[PDB]
Amino acid sequence: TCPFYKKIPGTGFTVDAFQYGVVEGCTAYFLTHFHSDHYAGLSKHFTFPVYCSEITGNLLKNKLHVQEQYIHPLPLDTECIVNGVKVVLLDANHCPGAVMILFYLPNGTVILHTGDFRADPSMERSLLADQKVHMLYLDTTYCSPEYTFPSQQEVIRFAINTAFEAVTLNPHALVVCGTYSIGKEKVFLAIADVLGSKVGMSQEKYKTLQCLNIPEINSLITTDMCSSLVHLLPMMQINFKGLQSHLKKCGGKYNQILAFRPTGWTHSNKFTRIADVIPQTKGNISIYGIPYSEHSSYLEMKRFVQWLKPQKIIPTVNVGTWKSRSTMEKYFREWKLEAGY
Ligand code: NI
């Protein structure tokens, strides 16, 4: 049974609610993005209308095989009528294809569902500038002040400079980057661009990247691993054993691996600057954990919410414990008293 925070009151709509069977009263199922916790339940046998971005729709058709007649792609930044209700999709600054959804209810209430997002000051000049929001369904993944991390631009600067130095010192080093979902593609694209290389990967991952409308993608990626000195591997293989095993397969072309594990936040963020990050090393293998986030930091979240001034907040993450729910409600009230709404 579908929880309350995935239903949109006054509508036949749900958000990210595919794992509950047929939801009673649902006439349109929205999907904010192609991450498995959110699409859980969708398959080629699904027979109700799915509303989403174009990129999400490419992935539903090619990777999950949902049939075309049930896929309803909408453009961004454009007023659309769905089943008698005006909606707008906005870029969520999460992974490729990820959206926020603005719903203009028939009674005059305006609802913003963030999906998963990384808040940014540029969102203060979208279609959100123009009108009031009564209810905010908020991605609260990092809603506590201990969650700090650098900008994505600082993190990419660190990765490009680390990879360029290592391969200029040793032209026989291979670079490997871990992945387990869409998102964070700038990590491996920026490193391969500084090295003058295409990125090599499996046929399954190439297929996924081919759905993402990345400009000039055919110039940037390949399934010919031998031609490439940046390889993608599943995240589970980014350890000393998996990397040894991979270097054997490369036929004596390389004598060193430098590897990257993009994570979200880790507790080593509470002590270390990005500049000061060091790897784990065994022999001719080094592994860097880099804090590349596609979710809001505490401070980015608080800025967004203090600007929007919603009348009510419904969290969508960390909702399963009383202590998490109480902690989040406290910070919502501080923010509201501090800014005066
Ligand atoms: Ni996500």
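In this chain, numbering begins with 1 at the start of the sequence shown. When a ligand or atom number is given, it counts from 1 through the structure's own listing order. All values below were derived from every heavy atom in this structure, side-chain atoms included, with hydrogens, water molecules and symmetry-related copies excluded.
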**Prompt:** Is a side-chain donor or acceptor of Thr272 paired with a backbone partner of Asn269 at a separation under 3.5 angstrom?
**Reply:** no
Mind listing the side-chain donor-acceptor pairs of residues 165-183 below 3.5 Å, one per line with the distance, residues two or more places apart or on another chain?
from	atom 1	to	atom 2	distance (Å)
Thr168	OG1	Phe164	O	2.8
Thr179	OG1	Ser181	O	3.2
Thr179	OG1	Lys205	NZ	3.0

**Request:** Using a strict 4.0 Å threshold on nitrogen-to-oxygen distance, state whether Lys302 and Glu334 make a salt bridge.
**Result:** no
**Message:** Quick check: do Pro121 and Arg303 have side-chain heavy atoms less than 4.5 Å from each other?
**Reply:** yes
**Asked** What protein N/O/S atoms sit under 2.8 Å from the Ni ion (ligand 1), by chain and number?
**Response** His33 NE2, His35 ND1, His94 NE2, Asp116 OD2
**Asked** Taking only residues at least two apart or on different chains, which pairs with a member in residues 51-62 satisfy salt bridge (charged side-chain N to carboxylate O under 4.0 Å, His left out)?
**Response** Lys61-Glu68
Identify each donor-acceptor pair in which a side-chain atom of residues 87-113 lies under 3.5 Å from a protein atom, sequence neighbours left out, and give them as a table.
from	atom 1	to	atom 2	distance (Å)
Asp91	OD1	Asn93	N	2.9
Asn93	ND2	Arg118	O	3.0
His94	ND1	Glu294	O	2.8
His94	NE2	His33	NE2	3.1
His94	NE2	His35	ND1	3.2
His94	NE2	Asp116	OD2	3.3
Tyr104	OH	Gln131	OE1	2.8
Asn107	OD1	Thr109	N	3.0
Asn107	OD1	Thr109	OG1	2.9
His113	ND1	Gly115	N	3.0

